[PDB]
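Read the figures in this text as sums done on the coordinates, not as results from a lab. Cβ sites come from the backbone with ideal geometry, for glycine too, and all protein chains shown count toward neighbours.
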Amino acid sequence: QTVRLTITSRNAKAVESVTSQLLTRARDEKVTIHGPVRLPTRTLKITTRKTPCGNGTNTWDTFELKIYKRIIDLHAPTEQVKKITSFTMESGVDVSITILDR
Amino acid sequence: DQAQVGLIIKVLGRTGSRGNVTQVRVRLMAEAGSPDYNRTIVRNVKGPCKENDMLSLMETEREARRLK
Amino acid sequence: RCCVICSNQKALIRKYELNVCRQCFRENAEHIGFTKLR
Amino acid sequence: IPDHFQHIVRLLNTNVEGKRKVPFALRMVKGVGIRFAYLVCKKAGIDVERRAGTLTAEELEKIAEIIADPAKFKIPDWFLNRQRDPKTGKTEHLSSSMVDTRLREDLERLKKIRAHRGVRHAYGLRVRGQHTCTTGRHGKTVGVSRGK
Amino acid sequence: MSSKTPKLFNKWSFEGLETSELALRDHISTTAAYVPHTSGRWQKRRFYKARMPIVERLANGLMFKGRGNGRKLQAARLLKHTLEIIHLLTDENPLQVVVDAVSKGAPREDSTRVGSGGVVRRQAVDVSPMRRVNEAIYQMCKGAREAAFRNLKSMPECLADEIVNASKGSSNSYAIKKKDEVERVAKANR
Amino acid sequence: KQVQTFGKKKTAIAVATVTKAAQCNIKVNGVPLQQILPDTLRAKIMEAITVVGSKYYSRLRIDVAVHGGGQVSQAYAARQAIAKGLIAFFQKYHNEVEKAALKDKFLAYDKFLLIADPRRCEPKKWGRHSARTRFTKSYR
Amino acid sequence: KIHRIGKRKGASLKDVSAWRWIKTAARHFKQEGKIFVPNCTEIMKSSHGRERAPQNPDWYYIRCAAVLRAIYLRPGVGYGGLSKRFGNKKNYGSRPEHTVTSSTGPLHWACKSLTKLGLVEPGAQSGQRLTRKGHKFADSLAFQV
RNA sequence: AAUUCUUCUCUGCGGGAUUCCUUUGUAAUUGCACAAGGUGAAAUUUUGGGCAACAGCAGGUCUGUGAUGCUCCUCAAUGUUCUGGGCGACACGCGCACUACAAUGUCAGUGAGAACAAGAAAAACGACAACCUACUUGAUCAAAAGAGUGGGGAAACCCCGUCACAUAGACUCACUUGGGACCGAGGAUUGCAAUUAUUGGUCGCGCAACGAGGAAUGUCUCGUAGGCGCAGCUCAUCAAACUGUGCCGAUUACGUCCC
């Protein structure tokens, strides 16, 4: 069961602060891991007129997000992944991942 | 013929209200064994000009801006 | 389509991405994680 | 080469200019550039016509008989103008002055009978939308409201 | 040169060319090119306009009044037809005719307001090299849309008809008629 | 015996594949040089071959992958991939001199390939219409 | 050393040389109603004449180069401004309609079917004469007419 | 169908740009600098934006909001109603702002044919799938429709028109083989209900103006105007609106203070 990791979180130094750091719990240990690069970045773009009212200089906001997806790939440890992900505590808003395929 | 082909020696300056015409000192282009220069007759040019422009003058020997 | 923060059903509300924040405006309602760039 | 004649040709009770294309001149007869692939199923075989064949090489007199009662010729109903009719079964054509005589019967009931856009329509103001007003530049006559 | 250095419009002769008039001579484009459509940053700077083939400059200046217009590629079609009509009218390299048709087109001298603050006043002002280049092509092809607007039996010929004439200096061309009529407003005022 | 290279204009991406042979002619993005439809692009896409060395230098079997632009920017994407594509070889498989002759003859020709000449359409902005064009005033 | 399109410029050629081969050969199929417009928002009569006569090999050279397609994808080749459109901006859409019938023609006659493209691909061979045999005064070389 | 790869794509963090040489240049013993030129992908706040002081304006909002002071209403109510029906949108060609269409022979109208683009979206709980789209049937007979199968929670998608086409295509000194308005007949569709919701729906009306626009007025300089077009937002249904992406791609000034 080669497993898969999709880490989707916005915030600065989370998407990095797990996959970069926290796979070296598996990366440099008994697991053998297949790193790809993170998938492409998205922006979620809403634009609302700044005026609560009618009057304006016809001005608009543009508000954005960034969602950061990382794919990280494995061979099959059994029950280690349950230990793998659980090694490392450090982040917030970052995403836990349970995947099987092939 | 009427073509008497001079050089701009220099842009003697911007001249006029809009930004268009520019005062220029003209070196008559024609050279002969009895070299006929003016030597220099100031002219006003219509449109953009530059350091080595060939300016053929159909109305020659007019003394330019003087007055205004 | 009454919407989230107020009775409104007016100040037409963004359906975009199904977050319905316009009631109290997505300006007043924030921390959503949006930013002001460009 | 030889053109014995060109003229006007009255086809169905109508003055039709001789135009070096047949369908496009047949257009004036209240048929329309859609209805002139009928020029095949109006039982002429000639192609890219000149005023060399109406009657002469169309035996035309039949062709303008096709533009009326076409079911006797090989034609779908999807092209027929009045398709199924409120007074009777279809006249497979709107053609010539038979159109407006039926208009003068039809043109009462909607424009009699009230509507918002339809009575706009009945007075011909505006198609689909809430603009009536700065609609109409470059000229005189658009739309006009008098209760005095 | 076995079509290596030398150039062809499709197959055409760009080498034997020069401008006649020492006034605007030696700055005007003397062509080595194939197609008038090229893309570069054409005028980033101040006098960069004088470098590229008039063939472009015309083809570039080729279709104002955009309505559903394709411009350069639509233009180059028209200039396929335009040149050919011209050389085997005029029995010359139409690269010459066009080159010869630029110069006779524009006025050498102009009359402007030098008047101060609402006063409409005159001076004789002397046209500059890039203005005989520029205004020629500008008005040269302005004769097209006019001669070309409705009464045409004439599809491309309009462009041929004011390049031919100007290269002959004739006063019929909408090109040259303004070269003179401006100078009826020039030597008159001065 | 190969290299590979990429053409770019605006978004249009050309990619130059490279194979070797001295007798051969090039397909368009998908279709041979001769038969590309708007003449007035062909003679351009001739310039890569024709101008500088027409024949003495390259018949090389060459294919190109062009995606990311409309038709003409894909004709400028292409030729660059060739001039880039060709210059690649004489650095890998040939002497500086044969290269130095070629890329000079390009340099004088124009920026046939010095670069994509980077120009990308401006983002539309604010209430500004398209870019730099303003929603128009009235009763001013 | 001859491929589909690619040697040919099948714009008005590799079609038309196939067309006569489709029409003059009695073999193929033309359904009954031609009175109806093939193409998006066209009030102009479907053409002057020869309506399917532009249509079929498109679908073949559509099949061939684009491999798998269908009713939905192939009208991407059927083009229109969709402009009759009345006092509004024009917009753009393709034709699903005759598609099925169009591709039934190749569902008969030696060209593969309810999934793929073709069987024997005559297109090369029956097209292999284009560089050989020119319509337009094809120049070729001084050897070939 | 086996092989090896990172040219093309993905992205976090980095490199790169600086006034750096040159011009005895302009100016100038200083200085701060400028220019034409060089190198470079980029050459002068690199480019487009976001941000943005201090004072104010009886600027707009009490229709955004358990955000609020009064003081009017308080039950045959100015409250509420998946409350019922009607309006907000009406025809004196009224006057005005902004936009879309366009009348040409420069696609010009249209019929076919060849190529190729990009930011963007897509979904359901206190129940036992309601979003899109590809395929192929609807197809022995219109179009749009109907229906069945198939995976996508988003890197399920890439055939958009402008253009290219001489394909030897049709027009053809004209209000016209160019306005699509007004028009009455059928028919498919979203859904509590469409009496014009709307439409590659047909097909009739064309004979309604209209034929470069009076004074007057708009906004910008390089991938720019203009042209073209695509999604998004509203959205059960509807874009001539706005928001953003991309394609085609310009002439004129590299200036002055005259307005």
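Of note:
- Amide H contacts under 5 Å for B:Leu12: B:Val24, B:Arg25, restricted to partners 5 or more places along the chain or on a different chain, H placed in the peptide plane at 1.01 Å from N.
- Loop-located chymotrypsin sites (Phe, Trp or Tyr not before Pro) across the stretch A:52-88 with a Cβ neighbour count of 15 or fewer within 10 Å are lacking, with loop assigned by DSSP.
- Separation between Cα centres of the stretch E:101-116 and the stretch E:6-78, rounded to whole Å: 23 Å
- Taking the charge dipole of the stretch D:77-138 about its Cα centre, with +1 at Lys and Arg Cβ atoms and -1 at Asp and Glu Cβ atoms, the residue from D:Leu94, D:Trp78, D:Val127 reaching farthest to the positive side is D:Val127.
- Cross-link table E:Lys65/F:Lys137; F:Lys20/F:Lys55; D:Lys90/G:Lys84; A:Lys45/C:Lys15; E:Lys4/F:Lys103; D:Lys111/G:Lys89, entries beyond 18 Å C-alpha to C-alpha: E:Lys65/F:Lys137; D:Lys90/G:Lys84; D:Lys111/G:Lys89
- As a rough footprinting exposure proxy, the listed residues F:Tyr93, F:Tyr57, F:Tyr109, D:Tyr38 were ranked by other beta carbons within 10 Å of their own, and the order from fewest upward is F:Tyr93, F:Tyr109, F:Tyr57, D:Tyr38.
- Residue among F:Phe89, A:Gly35, F:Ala16 farthest towards the positive dipole end of the protein assembly as shown, charges placed on Cβ: A:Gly35
- Sequence-ordered 3J(HN,Hα) estimates for the stretch G:39-56 from the Karplus curve with 6.51, -1.76 and 1.60 and θ = phi - 60° stand at 9, 4, 6, 10, 7, 4, 3, 3, 5, 4, x, 6, 8, 4, 4, x, 7, 3 Hz, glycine and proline given as x.
- In the stretch G:40-145, GluC sites (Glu not before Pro) in a DSSP loop with at most 16 other beta-carbon atoms within 10 Å: G:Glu97
- Derived scalar couplings ³J(HN,Hα) [the stretch D:132-148; Karplus, 6.51 cos²θ - 1.76 cosθ + 1.60; whole Hz; x for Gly, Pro]: 10, 10, 6, 3, x, 9, 6, x, 10, 9, 10, x, 7, 10, 10, x, 8
- Basic side chains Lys and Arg get +1 at the Cβ, acidic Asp and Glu get -1 at the Cβ, and with that the dipole of the stretch F:86-140 about its Cα centre reaches some 880 debye.
- Exposed-loop-free span, longest in chain D, where GluC sites (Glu not before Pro) count as exposed if DSSP calls them loop and at most 12 other C-beta atoms lie within 10 Å: D:1-58
- Magnitude of the charge dipole, the protein assembly as shown, Cβ model with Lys/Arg +1 and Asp/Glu -1, debye to 20: 2840 debye
- Overall form of the protein assembly as shown per C-alpha gyration tensor (a/c, 1.5; a/b vs b/c): rounded
- Computed about the Cα centre, the dipole magnitude for the stretch D:20-87 is approximately 240 debye when only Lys and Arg (+1) and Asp and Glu (-1) carry charge, each at its Cβ.
- Karplus (6.51, -1.76, 1.60) ³J(HN,Hα), θ = phi - 60°, over the stretch E:132-146, in Hz, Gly and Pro reported as x: 7, 3, 4, 5, 3, 3, 4, 6, 3, 7, 5, x, 3, 3, 6
- Residue pairs exceeding 25 angstrom between C-alpha atoms, taken from E:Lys72/F:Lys9; B:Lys46/E:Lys104; A:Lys66/G:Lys90; E:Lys44/F:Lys124: A:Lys66/G:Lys90.
- Model label zone, D:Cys41; criterion: amide N under 18 Å from point 7 Å along Cα-to-beta-carbon; scope the stretch G:84-115: G:98
- Take each residue of peptide E:118-131, count the partner chain Cβ atoms within 10 Å of its Cβ, and average: the result is 6.
- Taking the charge dipole of chain G about its Cα centre, with +1 at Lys and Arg Cβ atoms and -1 at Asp and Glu Cβ atoms, the residue from G:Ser103, G:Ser113, G:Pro54 reaching farthest to the positive side is G:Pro54.
- Amide H to amide H distances under 5 Å link B:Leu7 with B:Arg27, B:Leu28, B:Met29, where only residues 5 or more positions off or on other chains count and H is placed in the peptide plane.
- Prolate/oblate/rounded call for chain F, Cα gyration tensor, a/c under 1.5 rounded: prolate
- Interchain or long-range residues, amide H under 5 Å from E:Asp110's placed H: E:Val125, E:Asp126, E:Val127
- DSSP loop trypsin sites (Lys or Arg not before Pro) with at most 16 other Cβ within 10 Å: longest gap in chain G: G:51-83
- Sparsely packed loop sites in the stretch F:13-119 (the trypsin sites (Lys or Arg not before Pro) outside DSSP H, G, I, E and B with at most 12 other Cβ atoms within 10 Å) comprise F:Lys55, F:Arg119.
- Between the exposed loop cleavage positions of chain E, defined as chymotrypsin sites (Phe, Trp or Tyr not before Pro) in a non-H, G, I, E, B DSSP state with at most 16 neighbouring beta-carbon atoms within 10 angstrom, the longest gap is E:65-148.
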